[PDB]
2 protein chains.
Amino acid sequence: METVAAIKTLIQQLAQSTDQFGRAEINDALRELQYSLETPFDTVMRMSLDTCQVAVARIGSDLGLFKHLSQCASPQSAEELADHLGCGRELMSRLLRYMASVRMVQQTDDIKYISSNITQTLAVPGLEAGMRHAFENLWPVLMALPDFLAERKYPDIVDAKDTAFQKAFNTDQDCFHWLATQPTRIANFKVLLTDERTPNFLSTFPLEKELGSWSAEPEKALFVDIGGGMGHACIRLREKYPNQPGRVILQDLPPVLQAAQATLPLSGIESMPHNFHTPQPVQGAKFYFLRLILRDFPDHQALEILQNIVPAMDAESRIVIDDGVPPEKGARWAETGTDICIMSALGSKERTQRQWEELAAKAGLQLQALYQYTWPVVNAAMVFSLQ
Amino acid sequence: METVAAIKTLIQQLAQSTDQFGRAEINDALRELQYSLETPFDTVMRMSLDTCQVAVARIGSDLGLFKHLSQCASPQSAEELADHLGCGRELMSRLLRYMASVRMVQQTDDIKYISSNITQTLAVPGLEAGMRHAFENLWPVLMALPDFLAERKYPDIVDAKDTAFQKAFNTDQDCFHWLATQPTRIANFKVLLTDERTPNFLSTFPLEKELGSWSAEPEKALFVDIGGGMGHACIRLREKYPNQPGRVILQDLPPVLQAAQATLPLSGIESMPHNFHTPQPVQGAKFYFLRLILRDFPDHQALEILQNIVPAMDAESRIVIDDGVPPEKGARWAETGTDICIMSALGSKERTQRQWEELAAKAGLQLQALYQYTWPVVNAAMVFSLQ
Ligand SMILES: C[S@@+](CC[C@H](N)C(=O)[O-])C[C@H]1O[C@@H](n2cnc3c(N)ncnc32)[C@H](O)[C@@H]1O
Ligand SMILES: C[S@@+](CC[C@H](N)C(=O)[O-])C[C@H]1O[C@@H](n2cnc3c(N)ncnc32)[C@H](O)[C@@H]1O
Ligand SMILES: C[C@@H]1CCC[C@H]2C=C[C@@H](C)[C@]3(C(=O)NC=C(c4ccccc4)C3=O)[C@@H]12
Ligand SMILES: C[C@@H]1CCC[C@H]2C=C[C@@H](C)[C@]3(C(=O)NC=C(c4ccccc4)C3=O)[C@@H]12
């Protein structure tokens with residue numbers, strides 16, 4: 001129709017006329033519109049069929065299809081793709097028709113196939129690893145959650161060793177320990193750590209204001225990245241503030257510090273092995289930084305992580321929690337969906353600002369400031385002090 | 001933003017100004033815009049989390065939440081919903097926050113919850129049974145499809161007894177035979193038959209023109225509804241053409257014929273047990289009607305169903321296949337997602353018009369006419385004859 005093409009042109013121009021935050025708001029609006037305009041039968045069909053996207057992406061990842069197509073300068077027919085990748089000719093045709101219909105690939109007028117934005121996305125190793133994670137680790141736990149809750153008469157999950165994960169994988173270990181005994185899952189998890197989210201807290205964090213008159217002399221630590229993974233926060237901080245004095249220290253487990261050496265700068269950033277369930281060794285640091293750490297633990301273990309940092313803090317020291325802060329109402333699907341997944345797999349939860357302050361007050365901490373850096377799904381650097 | 005409120009208002013106004021087929025066109029466009037405007041991270045996030053909708057709908061169905069909430073005139077808080085339904089208060093709060101973020105319920109400004117269009121949909125018994133089918137039957141099969149295809153080096157699936165269903169449910173039976181041994185699944189499937197798709201083929205089927213000079217005397221059958229389920233097509237046939245003479249015969253297995261006696265009209269429609277894998281007993285009927293039957297069977301088994309009807313046809317007899325007819329290009333997600341699902345669970349496929357004629361030709365049949373009655377996802381009544 002001419003009406004739908006005018007809608008498309010119009011929303012495209014609006015999207016190009018705003019920033020990434022405006023586009024994310026428009027995308028949420030398009031989603032709400034779809035749900036409001038669908039027939040009752042469309043609703044059931046949508047819930048049933050959108051499940052195929054992860055399964056079909058997983059297949060195409062297994063075949064190298066997205067990485068392959070991303071490197072093609074000319075449209076590819078189904079037959080030449082089936083033959084180059086080792087897939088049955090009829091199976092490939094059907095996968096591609098489904099993929100094109102959800103824009104996983106683009107289909108041409110002569111029934112050939114080029115890459116779309118999603119094809120390029122699924123070719124990026126860190127992002128492909130997120131999709132594979134969702135298939136092999138998230139799906140079994142979501143599949144087990146409804147019968148788990150029914151057998152337990154619908155409890156409030158607060159224990160990482162008593163959730164749907166234990167039923168889904170027939171184990172009594174928590175997810176973290178169980179993952180170490182699985183080599184193929186660790187390999188995908190290692191690639192997941194190389195994906196860097198953008199934007200990051202340094203786009204709005206007023207470091208010079210939060211610094212105040214704090215002195216790095218003699219050799220105090222400016223930034224202690226606790227569970228910092230590949231050290232992306234450390235790297236970005238030195239990049240944005242190359243003249244600010246103080247040690248910048250990456251803290252994680254020895255296996256991931258070794259992997260992080262491939263991409264760390266030759267100097268500037270220290271690598272310090274540390275299990276954050278043990279007392280913090282670095283004393284008097286200005287910023288103790290926890291990005292997407294505490295979300296992965298129930299309140300009682302998340303508190304224990306904080307209590308292990310408190311004894312090392314001066315009056316000028318701050319604990320910076322960089323994590324989701326969903327609002328008390330109007331929370332979006334990306335910050336409530338995650339809440340259901342980590343409940344089912346880790347026994348943890350997303351936390352509103354109020355729940356973050358209540359958790360922190362138990363460790364003797366007080367919220368000094370909150371600096372949001374994504375919208376409309378809230379990620380914020382929360383700055384906590386003592387007293 | 002004011003911008004997204006204006007987008008919603010405008011697309012709502014457009015959606016009300018058109019028919020259901022126009023609304024479906026707009027919805028597909030909104031989906032395409034959403035996928036094209038998401039960031040790479042959004043894409044992975046969407047694939048990871050849209051899974052939760054099926055799991056959470058299953059939980060709400062288990063608790064009776066959607067049926068209960070559809071009967072409430074005033075908004076309900078999480079605490080009172082949790083108490084009435086026997087669910088943890090915190091668990092219920094997190095379920096409701098997730099559901100509200102995907103319009104499964106509606107959240108109010110005072111953080112209470114009321115029904116949405118989707119809440120009402122999930123309260124309808126046949127549509128709830130469709131969602132429950134997707135959870136317990138479909139996506140175990142989808143969870144098994146990638147490893148199944150990888151182990152088998154990506155074959156063309158053509159056999160109902162050698163597909164992802166056998167690995168998902170650790171059986172050697174095909175899906176239909178296995179289902180008959182599962183009482184809880186059969187019950188849900190029985191409820192699923194109560195849902196009547198709308199619109200139906202009688203909205204565009206020119207009965208009188210196709211009938212022509214056909215004579216019902218002595219006692220020929222006008223309409224034989226093969227695998228007709230609850231008999232919805234028979235009922236709507238008698239409602240729209242009450243004066244048309246000829247028998248109208250509902251053919252199905254005794255279990256569903258028995259369950260269909262509740263909603264069948266007292267007279268007009270005969271109930272005749274018949275297994276469509278055996279020769280057709282009604283001789284010389286005008287219309288042999290197969291709605292959403294042959295889509296569930298691979299080519300060789302679909303052909304046997306037709307080969308069993310051909311020997312009972314007159315020159316005036318027609319076989320009417322009412323089923324999906326996807327296009328050769330530009331097929332929609334609702335007709336390609338079904339294809340992947342039935343491939344994985346039943347070894348069957350969706351069929352273009354060309355594949356339907358190829359299959360019918362092998363039974364001695366010839367396409368006479370094709371009457372679409374849905375758009376843009378195509379369902380049509382295809383009229384076949386001998387020679
Ligand atoms: C979400 S991942 C990395 C997130 C990282 N802070 C970022 O935003 O870039 C969580 C990190 O915590 C680390 N981790 C898990 N358990 C730990 C422990 N007991 N001690 C220190 N680090 C741990 C993991 O190695 C992983 O790198
Ligand atoms: C798609 S469902 C019902 C479709 C129905 N024609 C409609 O559109 O309303 C398939 C139907 O075929 C019936 N069926 C399955 N196997 C059969 C068989 N071997 N013989 C006769 N009916 C069968 C089931 O009982 C079920 O009612
Ligand atoms: C990190 C990934 C990144 C891609 C997918 C995301 C989905 C939400 C949670 C599901 C995340 C999250 O936010 N935190 C940790 C878990 C997790 C879930 C199960 C097992 C192990 C970890 C997650 O997947 C998150
Ligand atoms: C009818 C249901 C109603 C709710 C879900 C729908 C989406 C997938 C299809 C595939 C449906 C469909 O349209 N056709 C056949 C199956 C099916 C799959 C496995 C076993 C038995 C049936 C389906 O669930 C369809």
# chains A, B, ... in the order shown; residues from 1 in each chain; ligands from 1

$ select_by_dssp --residues "segment 128-304 of chain A" --states "strand (DSSP E)" --output "list in words"
residues 221, 222, 223, 224, 225, 226, 247, 248, 249, 250, 251, 252, 269, 270, 271, 272, 273, 287, 288, 289, 290 and 291 of chain A

$ residues_near_ligand --ligand "ligand 4" --cutoff "7 Å" --atoms "only C-alpha atoms and all ligand atoms" --output "PyMOL selection string"
(chain A and resi 44-45+48-49) or (chain B and resi 130-131+133-134+137-138+175+296+338+341-342+345-346)

$ residues_around --residues "residue 145 of chain A" --least-positions-apart "2" --cutoff "9 Å" --atoms "only C-alpha atoms" --output "number ranges by chain"
A: 140-143, 147-150, 163-165, 167-168, 344; B: 55-56, 59

$ closest_residue --among "A:98, A:375, A:223, A:189" --to "ligand 1" --atoms "only C-alpha atoms and all ligand atoms"
A:189

$ residues_near_ligand --ligand "ligand 2" --cutoff "8 Å" --atoms "only C-alpha atoms and all ligand atoms" --output "number ranges by chain"
B: 176, 193, 196-197, 225-233, 251-253, 255-256, 273-277, 290-293, 296

$ residues_around --residues "segment 154-162 of chain B" --least-positions-apart "4" --cutoff "8 Å" --atoms "only C-alpha atoms" --output "PDB file with N, CA, C and O atoms, in the first residue's frame"
ATOM      1  N   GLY A  86      27.596 -26.405   3.290  1.00  0.00           N
ATOM      2  CA  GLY A  86      27.401 -27.793   3.659  1.00  0.00           C
ATOM      3  C   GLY A  86      26.029 -28.103   4.207  1.00  0.00           C
ATOM      4  O   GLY A  86      25.893 -28.955   5.095  1.00  0.00           O
ATOM      5  N   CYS A  87      25.001 -27.436   3.699  1.00  0.00           N
ATOM      6  CA  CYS A  87      23.636 -27.614   4.163  1.00  0.00           C
ATOM      7  C   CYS A  87      22.774 -28.112   3.015  1.00  0.00           C
ATOM      8  O   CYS A  87      22.982 -27.734   1.859  1.00  0.00           O
ATOM      9  N   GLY A  88      21.814 -28.976   3.345  1.00  0.00           N
ATOM     10  CA  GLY A  88      20.843 -29.452   2.377  1.00  0.00           C
ATOM     11  C   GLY A  88      20.203 -28.315   1.606  1.00  0.00           C
ATOM     12  O   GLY A  88      19.965 -27.238   2.164  1.00  0.00           O
ATOM     13  N   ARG A  89      19.930 -28.533   0.318  1.00  0.00           N
ATOM     14  CA  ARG A  89      19.467 -27.437  -0.529  1.00  0.00           C
ATOM     15  C   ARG A  89      18.071 -26.971  -0.129  1.00  0.00           C
ATOM     16  O   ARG A  89      17.801 -25.763  -0.097  1.00  0.00           O
ATOM     17  N   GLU A  90      17.173 -27.909   0.181  1.00  0.00           N
ATOM     18  CA  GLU A  90      15.815 -27.526   0.555  1.00  0.00           C
ATOM     19  C   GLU A  90      15.780 -26.915   1.950  1.00  0.00           C
ATOM     20  O   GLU A  90      15.057 -25.942   2.192  1.00  0.00           O
ATOM     21  N   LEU A  91      16.557 -27.474   2.879  1.00  0.00           N
ATOM     22  CA  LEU A  91      16.634 -26.901   4.217  1.00  0.00           C
ATOM     23  C   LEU A  91      17.136 -25.462   4.172  1.00  0.00           C
ATOM     24  O   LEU A  91      16.575 -24.582   4.835  1.00  0.00           O
TER      25      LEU A  91
ATOM     26  N   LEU B 149      20.022 -30.947  13.577  1.00  0.00           N
ATOM     27  CA  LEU B 149      20.518 -30.695  12.230  1.00  0.00           C
ATOM     28  C   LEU B 149      22.030 -30.807  12.163  1.00  0.00           C
ATOM     29  O   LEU B 149      22.575 -31.265  11.151  1.00  0.00           O
ATOM     30  N   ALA B 150      22.726 -30.383  13.216  1.00  0.00           N
ATOM     31  CA  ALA B 150      24.179 -30.458  13.190  1.00  0.00           C
ATOM     32  C   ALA B 150      24.648 -31.907  13.226  1.00  0.00           C
ATOM     33  O   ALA B 150      25.535 -32.293  12.456  1.00  0.00           O
ATOM     34  N   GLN B 166      11.646 -36.360  17.419  1.00  0.00           N
ATOM     35  CA  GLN B 166      12.063 -37.617  18.031  1.00  0.00           C
ATOM     36  C   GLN B 166      13.171 -37.378  19.044  1.00  0.00           C
ATOM     37  O   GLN B 166      13.192 -38.005  20.109  1.00  0.00           O
ATOM     38  N   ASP B 172      10.531 -42.759  19.248  1.00  0.00           N
ATOM     39  CA  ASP B 172      10.616 -43.126  17.843  1.00  0.00           C
ATOM     40  C   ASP B 172       9.294 -42.945  17.114  1.00  0.00           C
ATOM     41  O   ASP B 172       9.271 -43.014  15.879  1.00  0.00           O
ATOM     42  N   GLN B 173       8.207 -42.708  17.844  1.00  0.00           N
ATOM     43  CA  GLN B 173       6.917 -42.414  17.246  1.00  0.00           C
ATOM     44  C   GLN B 173       6.948 -41.069  16.525  1.00  0.00           C
ATOM     45  O   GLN B 173       7.780 -40.199  16.800  1.00  0.00           O
ATOM     46  N   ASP B 174       6.025 -40.906  15.582  1.00  0.00           N
ATOM     47  CA  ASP B 174       5.780 -39.585  15.039  1.00  0.00           C
ATOM     48  C   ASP B 174       4.913 -38.794  16.014  1.00  0.00           C
ATOM     49  O   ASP B 174       4.375 -39.332  16.988  1.00  0.00           O
ATOM     50  N   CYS B 175       4.788 -37.494  15.746  1.00  0.00           N
ATOM     51  CA  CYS B 175       4.203 -36.589  16.730  1.00  0.00           C
ATOM     52  C   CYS B 175       2.760 -36.964  17.053  1.00  0.00           C
ATOM     53  O   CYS B 175       2.353 -36.950  18.221  1.00  0.00           O
ATOM     54  N   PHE B 297       1.398 -32.895   7.016  1.00  0.00           N
ATOM     55  CA  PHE B 297       1.938 -34.162   6.566  1.00  0.00           C
ATOM     56  C   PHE B 297       2.971 -33.932   5.477  1.00  0.00           C
ATOM     57  O   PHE B 297       2.817 -33.025   4.647  1.00  0.00           O
ATOM     58  N   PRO B 298       4.043 -34.716   5.469  1.00  0.00           N
ATOM     59  CA  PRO B 298       5.004 -34.636   4.366  1.00  0.00           C
ATOM     60  C   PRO B 298       4.356 -35.084   3.064  1.00  0.00           C
ATOM     61  O   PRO B 298       3.290 -35.701   3.049  1.00  0.00           O
ATOM     62  N   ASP B 299       5.030 -34.759   1.957  1.00  0.00           N
ATOM     63  CA  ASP B 299       4.457 -34.959   0.628  1.00  0.00           C
ATOM     64  C   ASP B 299       3.908 -36.369   0.430  1.00  0.00           C
ATOM     65  O   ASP B 299       2.795 -36.544  -0.076  1.00  0.00           O
ATOM     66  N   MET B 343       8.002 -28.335  10.064  1.00  0.00           N
ATOM     67  CA  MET B 343       9.152 -29.123   9.631  1.00  0.00           C
ATOM     68  C   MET B 343       9.784 -29.847  10.811  1.00  0.00           C
ATOM     69  O   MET B 343      10.072 -31.049  10.738  1.00  0.00           O
ATOM     70  N   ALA B 345       8.526 -30.440  13.924  1.00  0.00           N
ATOM     71  CA  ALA B 345       7.657 -31.295  14.722  1.00  0.00           C
ATOM     72  C   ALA B 345       6.996 -32.409  13.917  1.00  0.00           C
ATOM     73  O   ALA B 345       6.783 -33.505  14.456  1.00  0.00           O
ATOM     74  N   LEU B 346       6.664 -32.158  12.643  1.00  0.00           N
ATOM     75  CA  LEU B 346       5.850 -33.072  11.846  1.00  0.00           C
ATOM     76  C   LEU B 346       6.507 -33.534  10.557  1.00  0.00           C
ATOM     77  O   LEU B 346       5.918 -34.362   9.849  1.00  0.00           O
ATOM     78  N   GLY B 347       7.679 -33.008  10.210  1.00  0.00           N
ATOM     79  CA  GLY B 347       8.323 -33.339   8.955  1.00  0.00           C
ATOM     80  C   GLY B 347       7.638 -32.803   7.719  1.00  0.00           C
ATOM     81  O   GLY B 347       8.010 -33.191   6.605  1.00  0.00           O
ATOM     82  N   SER B 348       6.655 -31.917   7.878  1.00  0.00           N
ATOM     83  CA  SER B 348       5.871 -31.396   6.770  1.00  0.00           C
ATOM     84  C   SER B 348       6.376 -30.001   6.391  1.00  0.00           C
ATOM     85  O   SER B 348       7.498 -29.614   6.741  1.00  0.00           O
TER      86      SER B 348
END

$ closest_residue --among "A:178, A:243, A:213, A:262" --to "ligand 3" --atoms "only C-alpha atoms and all ligand atoms"
A:178

$ closest_residue --among "B:373, B:113, B:288, B:384" --to "chain A" --atoms "only C-alpha atoms"
B:113
